[PDB]
file my_file-v9.csv (CSV, C-alpha atoms and all ligand atoms)
chain,number,residue,atom,x,y,z
A,3,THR,CA,-37.9,4.2,-4.1
A,4,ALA,CA,-39.8,6.8,-2.2
A,5,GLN,CA,-38.1,6.7,1.2
A,6,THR,CA,-35.8,9.7,1.7
A,7,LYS,CA,-32.4,8.3,2.5
A,8,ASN,CA,-31.1,8.7,6.1
A,9,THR,CA,-27.7,10.4,5.6
A,10,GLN,CA,-27.0,10.8,9.4
A,11,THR,CA,-25.6,7.3,10.1
A,12,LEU,CA,-22.8,7.4,7.4
A,13,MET,CA,-20.6,10.3,6.2
A,14,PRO,CA,-18.8,9.9,2.9
A,15,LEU,CA,-15.1,10.9,3.0
A,16,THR,CA,-14.2,11.5,-0.6
A,17,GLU,CA,-10.9,13.4,-0.5
A,18,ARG,CA,-8.0,11.5,-2.0
A,19,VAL,CA,-4.3,12.2,-1.9
A,20,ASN,CA,-1.6,10.6,-4.2
A,21,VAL,CA,0.8,10.4,-1.3
A,22,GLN,CA,3.9,9.7,-3.4
A,23,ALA,CA,3.2,12.7,-5.6
A,24,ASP,CA,1.4,15.4,-3.6
A,25,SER,CA,1.2,16.9,-0.1
A,26,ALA,CA,-2.1,16.5,1.8
A,27,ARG,CA,-4.0,19.7,2.4
A,28,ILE,CA,-5.3,20.2,6.0
A,29,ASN,CA,-8.9,19.7,4.8
A,30,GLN,CA,-8.1,16.3,3.3
A,31,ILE,CA,-6.7,14.8,6.5
A,32,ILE,CA,-9.0,12.6,8.5
A,33,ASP,CA,-8.9,12.6,12.3
A,34,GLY,CA,-5.6,14.4,12.2
A,35,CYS,CA,-3.7,11.2,11.2
A,36,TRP,CA,-5.0,9.6,7.9
A,37,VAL,CA,-5.4,10.4,4.3
A,38,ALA,CA,-7.4,8.4,1.8
A,39,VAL,CA,-6.2,6.7,-1.3
A,40,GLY,CA,-8.1,5.0,-4.1
A,41,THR,CA,-11.5,5.4,-5.7
A,42,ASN,CA,-13.5,8.5,-4.6
A,43,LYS,CA,-17.0,7.1,-4.9
A,44,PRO,CA,-19.1,8.3,-2.0
A,45,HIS,CA,-19.8,4.8,-0.7
A,46,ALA,CA,-16.1,3.7,-0.8
A,47,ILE,CA,-15.1,5.2,2.5
A,48,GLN,CA,-17.6,6.6,5.1
A,49,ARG,CA,-17.4,7.6,8.7
A,50,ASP,CA,-19.9,5.3,10.6
A,51,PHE,CA,-21.8,6.8,13.5
A,52,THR,CA,-23.8,3.6,14.2
A,53,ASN,CA,-21.0,1.1,14.5
A,54,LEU,CA,-18.9,2.7,17.2
A,55,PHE,CA,-15.5,1.4,18.3
A,56,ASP,CA,-14.5,2.4,21.8
A,57,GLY,CA,-17.5,4.8,21.7
A,58,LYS,CA,-16.3,6.7,18.6
A,59,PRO,CA,-17.3,6.5,14.9
A,60,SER,CA,-15.5,3.8,12.9
A,61,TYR,CA,-14.7,3.7,9.2
A,62,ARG,CA,-16.8,1.7,6.7
A,63,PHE,CA,-15.1,0.6,3.5
A,64,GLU,CA,-17.0,-0.7,0.5
A,65,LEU,CA,-16.3,-1.7,-3.0
A,66,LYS,CA,-19.2,-2.8,-5.2
A,67,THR,CA,-18.7,-5.2,-8.1
A,68,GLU,CA,-18.1,-2.4,-10.6
A,69,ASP,CA,-15.6,-0.5,-8.4
A,70,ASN,CA,-12.3,-1.9,-9.7
A,71,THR,CA,-10.6,1.2,-11.1
A,72,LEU,CA,-7.0,-0.1,-11.3
A,73,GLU,CA,-5.3,-2.2,-14.0
A,74,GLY,CA,-3.9,-5.5,-12.7
A,75,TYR,CA,-0.8,-7.5,-13.8
A,76,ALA,CA,-2.1,-9.5,-16.8
A,77,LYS,CA,-4.2,-7.9,-19.6
A,78,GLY,CA,-7.8,-8.1,-18.6
A,79,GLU,CA,-7.2,-8.0,-14.9
A,80,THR,CA,-8.3,-5.2,-12.7
A,81,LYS,CA,-7.9,-4.3,-9.0
A,82,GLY,CA,-9.9,-2.0,-6.7
A,83,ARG,CA,-8.7,0.2,-3.8
A,84,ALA,CA,-10.1,2.3,-1.1
A,85,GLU,CA,-7.6,2.7,1.8
A,86,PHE,CA,-6.4,5.1,4.5
A,87,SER,CA,-2.6,5.7,4.7
A,88,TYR,CA,-0.9,6.6,7.9
A,89,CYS,CA,2.0,8.1,5.9
A,90,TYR,CA,1.8,11.4,4.0
A,91,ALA,CA,3.4,14.8,3.9
A,92,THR,CA,1.8,18.2,4.4
A,93,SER,CA,2.9,21.6,3.3
A,94,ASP,CA,4.3,22.1,6.7
A,95,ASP,CA,6.8,19.3,6.1
A,96,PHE,CA,8.6,21.4,3.4
A,97,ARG,CA,9.0,24.5,5.6
A,98,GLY,CA,12.5,26.0,5.4
A,99,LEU,CA,13.5,24.3,2.1
A,100,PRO,CA,14.3,25.9,-1.2
A,101,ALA,CA,11.2,26.7,-3.4
A,102,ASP,CA,11.9,23.9,-5.8
A,103,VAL,CA,12.3,21.0,-3.3
A,104,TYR,CA,8.6,20.1,-3.2
A,105,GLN,CA,8.1,20.2,-7.0
A,106,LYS,CA,11.1,18.0,-7.4
A,107,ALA,CA,9.7,15.6,-4.8
A,108,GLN,CA,6.5,15.5,-6.8
A,109,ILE,CA,8.5,14.5,-10.0
A,110,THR,CA,10.5,11.9,-8.2
A,111,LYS,CA,7.4,10.6,-6.3
A,112,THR,CA,9.2,11.1,-3.0
A,113,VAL,CA,6.7,13.5,-1.3
A,114,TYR,CA,5.6,11.2,1.5
A,115,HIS,CA,9.2,10.5,2.4
A,116,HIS,CA,9.1,13.9,4.0
A,117,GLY,CA,6.1,13.1,6.1
A,118,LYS,CA,5.1,11.4,9.3
A,119,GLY,CA,4.1,7.8,9.7
A,120,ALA,CA,7.0,5.7,8.4
A,121,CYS,CA,9.2,3.2,10.2
A,122,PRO,CA,12.9,3.1,9.3
A,123,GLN,CA,14.8,0.1,7.8
A,124,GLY,CA,15.8,-2.5,10.3
A,125,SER,CA,13.8,-1.0,13.2
A,126,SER,CA,11.1,-2.5,15.4
A,127,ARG,CA,7.5,-1.3,15.8
A,128,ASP,CA,4.3,-2.3,17.5
A,129,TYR,CA,1.0,-1.8,15.7
A,130,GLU,CA,-2.6,-2.3,16.7
A,131,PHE,CA,-5.9,-2.0,14.9
A,132,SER,CA,-9.4,-3.4,14.9
A,133,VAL,CA,-11.6,-4.8,12.2
A,134,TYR,CA,-15.4,-5.7,12.1
A,135,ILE,CA,-16.3,-8.3,9.4
A,136,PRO,CA,-20.0,-8.4,8.6
A,137,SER,CA,-21.7,-11.8,8.5
A,138,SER,CA,-22.7,-10.7,4.9
A,139,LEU,CA,-19.2,-10.7,3.6
A,140,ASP,CA,-18.8,-13.3,0.8
A,141,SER,CA,-16.5,-16.1,1.8
A,142,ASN,CA,-14.9,-16.0,-1.6
A,143,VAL,CA,-13.7,-12.4,-1.4
A,144,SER,CA,-10.2,-11.6,-2.4
A,145,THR,CA,-9.1,-8.6,-0.4
A,146,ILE,CA,-6.3,-7.2,1.8
A,147,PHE,CA,-7.6,-5.2,4.7
A,148,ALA,CA,-4.3,-4.2,6.4
A,149,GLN,CA,-0.9,-3.9,4.8
A,150,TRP,CA,2.5,-2.5,5.4
A,151,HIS,CA,4.4,-1.3,2.3
A,152,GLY,CA,7.9,-0.3,1.5
A,153,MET,CA,8.8,3.2,0.3
A,154,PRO,CA,11.2,2.8,-2.6
A,155,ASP,CA,12.8,5.9,-4.1
A,156,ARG,CA,12.7,5.7,-7.9
A,157,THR,CA,15.9,7.8,-8.2
A,158,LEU,CA,17.5,4.4,-7.8
A,159,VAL,CA,17.8,3.3,-11.4
A,160,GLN,CA,19.4,0.9,-13.8
A,161,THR,CA,21.0,2.6,-16.8
A,162,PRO,CA,20.6,1.2,-20.3
A,163,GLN,CA,24.1,-0.3,-20.0
A,164,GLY,CA,23.1,-2.1,-16.8
A,165,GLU,CA,24.6,0.0,-14.1
A,166,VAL,CA,22.5,0.3,-10.9
A,167,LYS,CA,23.1,3.8,-9.5
A,168,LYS,CA,21.4,6.5,-7.5
A,169,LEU,CA,20.5,9.6,-9.5
A,170,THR,CA,20.4,12.9,-7.8
A,171,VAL,CA,17.0,14.5,-7.8
A,172,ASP,CA,18.2,17.0,-10.4
A,173,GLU,CA,19.5,14.2,-12.6
A,174,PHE,CA,16.1,12.4,-12.4
A,175,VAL,CA,14.2,15.6,-13.1
A,176,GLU,CA,16.3,15.9,-16.3
A,177,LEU,CA,15.7,12.3,-17.3
A,178,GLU,CA,11.9,12.7,-16.9
A,179,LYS,CA,12.0,15.5,-19.5
A,180,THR,CA,13.1,12.9,-22.1
A,181,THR,CA,11.7,9.6,-20.7
A,182,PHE,CA,8.1,8.4,-20.3
A,183,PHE,CA,7.8,5.9,-17.5
A,184,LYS,CA,5.3,3.0,-17.7
A,185,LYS,CA,5.5,1.8,-14.1
A,186,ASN,CA,9.2,1.0,-13.7
A,187,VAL,CA,10.2,0.9,-17.4
A,188,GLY,CA,11.5,3.9,-19.2
A,189,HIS,CA,10.3,4.7,-22.8
A,190,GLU,CA,11.2,7.4,-25.3
A,191,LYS,CA,8.9,10.3,-24.5
A,192,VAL,CA,7.1,11.3,-27.6
A,193,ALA,CA,4.9,14.3,-28.1
A,194,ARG,CA,1.5,13.5,-29.4
A,195,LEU,CA,0.9,15.6,-32.5
A,196,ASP,CA,-2.3,17.0,-34.0
A,197,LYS,CA,-3.4,16.9,-37.6
A,198,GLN,CA,-1.4,20.1,-38.4
A,199,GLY,CA,1.7,18.5,-37.0
A,200,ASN,CA,1.8,20.6,-33.8
A,201,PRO,CA,2.1,19.2,-30.3
A,202,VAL,CA,-1.2,18.1,-28.7
A,203,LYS,CA,-2.3,19.9,-25.6
A,204,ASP,CA,-5.1,18.9,-23.4
A,205,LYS,CA,-8.1,21.3,-22.8
A,206,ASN,CA,-6.0,23.3,-20.4
A,207,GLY,CA,-2.9,23.7,-22.5
A,208,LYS,CA,-0.8,21.0,-20.9
A,209,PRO,CA,1.5,19.2,-23.4
A,210,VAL,CA,0.4,15.6,-24.0
A,211,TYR,CA,2.9,12.7,-24.5
A,212,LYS,CA,2.9,9.0,-25.1
A,213,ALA,CA,5.4,6.2,-24.7
A,214,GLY,CA,7.7,5.3,-27.6
A,215,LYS,CA,10.0,2.3,-27.5
A,216,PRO,CA,11.7,1.2,-24.3
A,217,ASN,CA,14.9,3.2,-23.8
A,218,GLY,CA,16.7,0.9,-21.4
A,219,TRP,CA,16.2,2.8,-18.1
A,220,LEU,CA,14.6,1.1,-15.2
A,221,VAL,CA,13.5,2.8,-11.9
A,222,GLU,CA,12.7,1.3,-8.5
A,223,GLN,CA,8.9,1.5,-8.4
A,224,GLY,CA,6.2,-0.6,-6.9
A,225,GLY,CA,6.6,-4.0,-5.2
A,226,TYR,CA,4.7,-6.4,-3.0
A,227,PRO,CA,3.8,-5.3,0.6
A,228,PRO,CA,6.2,-6.8,3.1
A,229,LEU,CA,3.1,-7.6,5.3
A,230,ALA,CA,-0.5,-8.1,4.4
A,231,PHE,CA,-3.6,-9.4,6.3
A,232,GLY,CA,-6.4,-10.6,3.9
A,233,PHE,CA,-8.9,-13.1,2.7
A,234,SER,CA,-8.5,-15.3,-0.4
A,235,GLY,CA,-10.0,-18.7,-1.4
A,236,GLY,CA,-12.0,-19.1,1.7
A,237,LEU,CA,-9.1,-18.3,4.1
A,238,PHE,CA,-8.1,-15.5,6.3
A,239,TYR,CA,-4.3,-15.3,5.9
A,240,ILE,CA,-1.2,-13.3,7.0
A,241,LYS,CA,1.6,-13.0,4.4
A,242,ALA,CA,5.1,-11.7,4.8
A,243,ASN,CA,7.3,-10.8,1.9
A,244,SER,CA,11.1,-10.1,1.7
A,245,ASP,CA,13.2,-8.8,-1.2
A,246,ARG,CA,17.0,-8.6,-0.6
A,247,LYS,CA,17.9,-7.4,-4.1
A,248,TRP,CA,19.2,-3.8,-4.0
A,249,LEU,CA,17.2,-2.8,-7.1
A,250,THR,CA,14.1,-5.0,-7.1
A,251,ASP,CA,13.5,-7.2,-10.1
A,252,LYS,CA,9.9,-6.7,-11.0
A,253,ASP,CA,9.8,-9.8,-13.3
A,254,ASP,CA,10.4,-11.9,-10.1
A,255,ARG,CA,6.8,-12.4,-9.0
A,256,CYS,CA,7.5,-14.4,-5.8
A,257,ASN,CA,4.1,-14.3,-4.2
A,258,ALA,CA,2.7,-17.1,-2.1
A,259,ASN,CA,-0.9,-18.2,-2.8
A,260,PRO,CA,-2.5,-19.1,0.5
A,261,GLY,CA,-4.4,-21.9,-1.1
A,262,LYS,CA,-1.3,-23.6,-2.4
A,263,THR,CA,1.5,-22.6,0.0
A,264,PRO,CA,1.8,-24.4,3.3
A,265,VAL,CA,1.9,-22.3,6.5
A,266,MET,CA,5.4,-21.2,7.4
A,267,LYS,CA,7.1,-22.8,4.4
A,268,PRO,CA,8.4,-19.9,2.4
A,269,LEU,CA,8.2,-19.7,-1.3
A,270,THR,CA,11.6,-18.4,-2.4
A,271,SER,CA,13.4,-17.1,-5.5
A,272,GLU,CA,17.0,-16.1,-5.8
A,273,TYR,CA,16.2,-12.8,-3.9
A,274,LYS,CA,12.7,-12.9,-2.7
A,275,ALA,CA,10.7,-14.8,-0.1
A,276,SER,CA,6.9,-15.0,0.5
A,277,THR,CA,5.7,-16.7,3.6
A,278,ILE,CA,2.1,-17.5,4.8
A,279,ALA,CA,2.5,-17.0,8.6
A,280,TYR,CA,-1.1,-17.9,9.5
A,281,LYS,CA,-4.3,-19.3,7.9
A,282,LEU,CA,-7.8,-19.6,9.3
A,283,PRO,CA,-10.8,-21.0,7.4
A,284,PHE,CA,-13.3,-18.1,6.7
A,285,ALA,CA,-16.1,-19.6,8.7
A,286,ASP,CA,-13.9,-19.6,11.8
A,287,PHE,CA,-13.1,-15.9,11.6
A,288,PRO,CA,-15.6,-14.2,14.0
A,289,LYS,CA,-18.3,-12.1,12.4
A,290,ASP,CA,-20.3,-9.0,13.4
A,291,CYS,CA,-17.9,-8.1,16.2
A,292,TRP,CA,-14.7,-6.1,16.7
A,293,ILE,CA,-11.4,-8.0,16.4
A,294,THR,CA,-8.3,-6.3,17.6
A,295,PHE,CA,-4.9,-7.3,16.1
A,296,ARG,CA,-1.7,-6.5,18.0
A,297,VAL,CA,1.3,-6.8,15.7
A,298,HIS,CA,5.0,-6.6,16.5
A,299,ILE,CA,7.4,-6.4,13.6
A,300,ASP,CA,11.2,-6.5,13.7
A,301,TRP,CA,12.0,-5.7,10.1
A,302,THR,CA,14.7,-7.7,8.4
A,303,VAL,CA,18.0,-5.9,8.1
A,304,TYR,CA,19.5,-6.0,4.7
A,305,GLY,CA,23.1,-5.2,3.5
A,306,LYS,CA,22.1,-2.5,0.9
A,307,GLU,CA,24.3,-2.9,-2.1
A,308,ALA,CA,25.8,-6.1,-0.6
A,309,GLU,CA,22.3,-7.7,-0.8
A,310,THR,CA,23.0,-9.7,2.3
A,311,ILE,CA,20.6,-10.6,5.1
A,312,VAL,CA,22.3,-8.9,8.1
A,313,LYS,CA,19.7,-9.9,10.6
A,314,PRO,CA,16.5,-11.9,10.1
A,315,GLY,CA,13.2,-10.2,11.0
A,316,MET,CA,10.5,-11.4,13.4
A,317,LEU,CA,6.7,-11.3,13.4
A,318,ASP,CA,4.4,-11.6,16.3
A,319,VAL,CA,0.5,-11.4,16.1
A,320,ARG,CA,-2.2,-11.6,18.6
A,321,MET,CA,-5.9,-11.7,17.8
A,322,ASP,CA,-8.3,-10.5,20.5
A,323,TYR,CA,-12.1,-10.5,20.6
A,324,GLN,CA,-15.1,-11.3,22.7
A,325,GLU,CA,-15.8,-15.0,23.3
A,327,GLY,CA,-18.7,-13.0,26.9
A,328,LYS,CA,-15.0,-12.6,27.9
A,329,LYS,CA,-12.0,-11.1,26.1
A,330,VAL,CA,-9.8,-13.8,24.7
A,331,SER,CA,-6.4,-13.4,23.1
A,332,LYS,CA,-5.3,-15.9,20.4
A,333,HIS,CA,-1.5,-16.0,19.8
A,334,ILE,CA,-1.9,-16.6,16.0
A,335,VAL,CA,1.7,-15.8,15.1
A,336,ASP,CA,4.1,-16.7,17.9
A,337,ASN,CA,7.4,-14.7,17.6
A,338,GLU,CA,8.3,-16.2,14.3
A,339,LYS,CA,11.7,-15.6,12.8
A,340,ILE,CA,10.9,-14.6,9.2
A,341,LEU,CA,12.1,-12.7,6.2
A,342,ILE,CA,10.1,-9.5,6.1
A,343,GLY,CA,10.9,-6.2,4.4
A,344,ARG,CA,12.6,-4.8,1.3
A,345,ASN,CA,16.2,-3.8,0.7
A,346,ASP,CA,15.7,-0.1,0.3
A,347,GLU,CA,17.2,3.0,1.9
A,348,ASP,CA,13.7,4.1,3.1
A,349,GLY,CA,11.3,2.3,5.4
A,350,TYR,CA,7.7,1.1,5.8
A,351,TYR,CA,4.2,2.5,6.3
A,352,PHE,CA,0.8,1.2,7.2
A,353,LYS,CA,-2.6,1.3,5.3
A,354,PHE,CA,-5.9,-0.3,6.1
A,355,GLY,CA,-9.1,-0.5,4.0
A,356,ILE,CA,-9.8,-2.5,0.9
A,357,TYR,CA,-7.3,-3.6,-1.7
A,358,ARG,CA,-9.2,-6.1,-3.9
A,359,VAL,CA,-6.8,-8.4,-5.7
A,360,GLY,CA,-6.6,-11.6,-7.7
A,361,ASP,CA,-8.8,-10.2,-10.5
A,362,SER,CA,-11.9,-10.3,-8.3
A,363,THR,CA,-15.1,-8.4,-8.5
A,364,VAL,CA,-16.9,-10.0,-5.5
A,365,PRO,CA,-18.3,-7.1,-3.4
A,366,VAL,CA,-16.3,-6.2,-0.2
A,367,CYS,CA,-17.6,-4.3,2.8
A,368,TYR,CA,-16.3,-4.1,6.4
A,369,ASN,CA,-15.3,-1.6,9.1
A,370,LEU,CA,-11.9,-0.6,10.6
A,371,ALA,CA,-11.0,1.5,13.6
A,372,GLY,CA,-8.7,1.9,16.5
A,373,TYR,CA,-5.2,2.3,14.9
A,374,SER,CA,-2.1,3.0,16.9
A,375,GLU,CA,1.6,2.5,16.4
A,376,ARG,CA,4.7,3.0,18.6
B,1,CA,CA,15.7,-1.5,-3.2

call {"tool": "encode", "arguments": {"input": "my_file-v9.csv", "output": "structure tokens"}}
result
Amino acid sequence: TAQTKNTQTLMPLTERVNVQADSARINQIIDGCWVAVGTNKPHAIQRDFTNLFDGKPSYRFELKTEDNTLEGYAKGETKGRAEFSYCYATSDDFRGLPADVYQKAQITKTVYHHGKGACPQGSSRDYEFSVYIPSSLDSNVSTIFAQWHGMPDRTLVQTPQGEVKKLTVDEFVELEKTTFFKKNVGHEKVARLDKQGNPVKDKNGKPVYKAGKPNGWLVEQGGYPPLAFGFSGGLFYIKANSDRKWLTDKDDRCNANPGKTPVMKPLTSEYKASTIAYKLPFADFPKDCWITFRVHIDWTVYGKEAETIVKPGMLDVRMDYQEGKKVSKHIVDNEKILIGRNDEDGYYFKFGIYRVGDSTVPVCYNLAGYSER
């Protein structure tokens, strides 16, 4: 290859923030309102000066076949991620607080709870964003391009004796000194030891540990997104999830498959629901043009420790695009639906690529034009 690459049309954006565990620095924030999460390969996220949305650069996301960097549920499964998050904290957000507050928020993974861009429990919000799906996108991709997640606080725990309780941050910080967490499961924290019997340290002198046996503690971590827009099995779909349990049970994998679950017939467990609100065959999803989605969500209201449904939620979605003339398809019409999570804290938006279902089919598309109110 002898042609010098044109690097004017695309600009890699490679800064990444673990929003639960770290504040975003000013020079990591994109357009004053986003931070990026996931793989930092230069091609993963780029500002696109050629495909403009409303006259301004859009965002091109790409995962190649080899770009799954995350472990999936079952052994042998991987997932890939390159997303923007609308919710993150900055240094400014901790102004006025004691010196140790930020470090304890890092340990409890509650940093972004101090930042902008979240919607509280039981509230209502309108969201709008646009997507551009290239005609080259494989119809068998398995990817989520917009999703709204909950924000559980892992200081809600279950003790080894089975009590669900809220630890103070200081209590959780003490527990973390003795417990190694693998996702939501506590394990005895054991120091790795070198051949002389001394604690192992990495090249920088940080003590290294590993998980011993499970120690009975569980923490509220992870969970399905309450709302996701994606492609799977040759379908565009919109999926809403609900969990009314106070401490989510991670072994309850209530997740509707759009190829198996009829539209608006919820898959339910004792505490969870997963509903496919809309499906469209892949070939019918417009290509090589900007599609604007307008989404209204009334989040389900849950009864906290009572685990009740206090008020159902509601989802409304319109899909607008050029058809010569602007048309607006009312793809989800004011549907009463269970949508949300029974947590103290609320919900935040991401868009980009979250490649799921143990897929390595390449994904590439553009996103732009986000707003919420
Ligand atoms: Ca919860």

call {"tool": "residues_around", "arguments": {"input": "my_file-v9.csv", "residues": "residue A:28", "least_positions_apart": "4", "cutoff": "12 Å", "atoms": "only C-alpha atoms", "output": "list in words"}}
result
residues 17, 19, 32, 33, 34, 35, 36, 37, 90, 91, 92, 93 and 94 of chain A

call {"tool": "residues_near_ligand", "arguments": {"input": "my_file-v9.csv", "ligand": "ligand CA 1 (chain B)", "cutoff": "12 Å", "atoms": "all atoms listed in the file", "output": "PyMOL selection string"}}
result
chain A and resi 123+152-160+166-168+221-225+244-252+273-274+304-309+343-349

call {"tool": "closest_residue", "arguments": {"input": "my_file-v9.csv", "among": "A:203, A:255, A:289, A:27", "to": "residue A:135", "atoms": "all atoms listed in the file"}}
result
A:289

call {"tool": "atom_distance", "arguments": {"input": "my_file-v9.csv", "atom1": "atom CA of residue A:111", "atom2": "atom CA of residue A:185"}}
result
11.9 Å

call {"tool": "residues_around", "arguments": {"input": "my_file-v9.csv", "residues": "residue A:261", "least_positions_apart": "3", "cutoff": "12 Å", "atoms": "only C-alpha atoms", "output": "PyMOL selection string"}}
result
chain A and resi 144+233-239+257-258+264-265+278+280-283

call {"tool": "write_last_selection", "arguments": {"input": "my_file-v9.csv", "atoms": "C-alpha atoms", "output": "PDB file, keeping the file's coordinate frame"}}
result
ATOM      1  CA  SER A 144     -10.200 -11.600  -2.400  1.00  0.00           C
ATOM      2  CA  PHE A 233      -8.900 -13.100   2.700  1.00  0.00           C
ATOM      3  CA  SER A 234      -8.500 -15.300  -0.400  1.00  0.00           C
ATOM      4  CA  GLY A 235     -10.000 -18.700  -1.400  1.00  0.00           C
ATOM      5  CA  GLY A 236     -12.000 -19.100   1.700  1.00  0.00           C
ATOM      6  CA  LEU A 237      -9.100 -18.300   4.100  1.00  0.00           C
ATOM      7  CA  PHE A 238      -8.100 -15.500   6.300  1.00  0.00           C
ATOM      8  CA  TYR A 239      -4.300 -15.300   5.900  1.00  0.00           C
ATOM      9  CA  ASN A 257       4.100 -14.300  -4.200  1.00  0.00           C
ATOM     10  CA  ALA A 258       2.700 -17.100  -2.100  1.00  0.00           C
ATOM     11  CA  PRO A 264       1.800 -24.400   3.300  1.00  0.00           C
ATOM     12  CA  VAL A 265       1.900 -22.300   6.500  1.00  0.00           C
ATOM     13  CA  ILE A 278       2.100 -17.500   4.800  1.00  0.00           C
ATOM     14  CA  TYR A 280      -1.100 -17.900   9.500  1.00  0.00           C
ATOM     15  CA  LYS A 281      -4.300 -19.300   7.900  1.00  0.00           C
ATOM     16  CA  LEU A 282      -7.800 -19.600   9.300  1.00  0.00           C
ATOM     17  CA  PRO A 283     -10.800 -21.000   7.400  1.00  0.00           C
TER      18      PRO A 283
END

call {"tool": "atom_distance", "arguments": {"input": "my_file-v9.csv", "atom1": "atom CA of residue A:65", "atom2": "atom CA of residue A:366"}}
result
5.3 Å

call {"tool": "atom_distance", "arguments": {"input": "my_file-v9.csv", "atom1": "atom CA of residue A:6", "atom2": "atom CA of residue A:29"}}
result
28.9 Å

call {"tool": "residues_around", "arguments": {"input": "my_file-v9.csv", "residues": "residue A:324", "least_positions_apart": "2", "cutoff": "9 Å", "atoms": "only C-alpha atoms", "output": "PyMOL selection string"}}
result
chain A and resi 291-293+322+327-331

call {"tool": "closest_residue", "arguments": {"input": "my_file-v9.csv", "among": "A:269, A:356, A:133, A:342", "to": "residue A:288", "atoms": "all atoms listed in the file"}}
result
A:133

call {"tool": "residues_around", "arguments": {"input": "my_file-v9.csv", "residues": "residue A:18", "least_positions_apart": "4", "cutoff": "10 Å", "atoms": "all atoms listed in the file", "output": "list in words"}}
result
residues 26, 30, 31, 37, 38, 39, 40, 41, 42, 84, 85 and 86 of chain A

call {"tool": "residues_around", "arguments": {"input": "my_file-v9.csv", "residues": "residue A:45", "least_positions_apart": "3", "cutoff": "9 Å", "atoms": "only C-alpha atoms", "output": "VMD selection string"}}
result
chain A and resid 13 to 16 42 48 62 to 66

call {"tool": "residues_near_point", "arguments": {"input": "my_file-v9.csv", "point": "(-7.8, -1.8, 17.2)", "cutoff": "7 Å", "atoms": "all atoms listed in the file", "output": "ChimeraX atom specification"}}
result
/A:130-133,294-295,371-373

call {"tool": "closest_residue", "arguments": {"input": "my_file-v9.csv", "among": "A:229, A:256, A:12, A:242", "to": "residue A:350", "atoms": "only C-alpha atoms"}}
result
A:229

call {"tool": "residues_near_point", "arguments": {"input": "my_file-v9.csv", "point": "(5.3, 15.6, -5.7)", "cutoff": "12 Å", "atoms": "all atoms listed in the file", "output": "PyMOL selection string"}}
result
chain A and resi 19-26+90-93+96+102-116+171+175

call {"tool": "write_last_selection", "arguments": {"input": "my_file-v9.csv", "atoms": "C-alpha atoms", "output": "JSON list (two decimals), in the frame of the given file"}}
result
[["chain", "number", "residue", "atom", "x", "y", "z"],
["A", 19, "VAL", "CA", -4.30, 12.20, -1.90],
["A", 20, "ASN", "CA", -1.60, 10.60, -4.20],
["A", 21, "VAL", "CA", 0.80, 10.40, -1.30],
["A", 22, "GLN", "CA", 3.90, 9.70, -3.40],
["A", 23, "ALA", "CA", 3.20, 12.70, -5.60],
["A", 24, "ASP", "CA", 1.40, 15.40, -3.60],
["A", 25, "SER", "CA", 1.20, 16.90, -0.10],
["A", 26, "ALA", "CA", -2.10, 16.50, 1.80],
["A", 90, "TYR", "CA", 1.80, 11.40, 4.00],
["A", 91, "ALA", "CA", 3.40, 14.80, 3.90],
["A", 92, "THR", "CA", 1.80, 18.20, 4.40],
["A", 93, "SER", "CA", 2.90, 21.60, 3.30],
["A", 96, "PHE", "CA", 8.60, 21.40, 3.40],
["A", 102, "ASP", "CA", 11.90, 23.90, -5.80],
["A", 103, "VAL", "CA", 12.30, 21.00, -3.30],
["A", 104, "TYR", "CA", 8.60, 20.10, -3.20],
["A", 105, "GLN", "CA", 8.10, 20.20, -7.00],
["A", 106, "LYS", "CA", 11.10, 18.00, -7.40],
["A", 107, "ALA", "CA", 9.70, 15.60, -4.80],
["A", 108, "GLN", "CA", 6.50, 15.50, -6.80],
["A", 109, "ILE", "CA", 8.50, 14.50, -10.00],
["A", 110, "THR", "CA", 10.50, 11.90, -8.20],
["A", 111, "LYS", "CA", 7.40, 10.60, -6.30],
["A", 112, "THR", "CA", 9.20, 11.10, -3.00],
["A", 113, "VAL", "CA", 6.70, 13.50, -1.30],
["A", 114, "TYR", "CA", 5.60, 11.20, 1.50],
["A", 115, "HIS", "CA", 9.20, 10.50, 2.40],
["A", 116, "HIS", "CA", 9.10, 13.90, 4.00],
["A", 171, "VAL", "CA", 17.00, 14.50, -7.80],
["A", 175, "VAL", "CA", 14.20, 15.60, -13.10]]
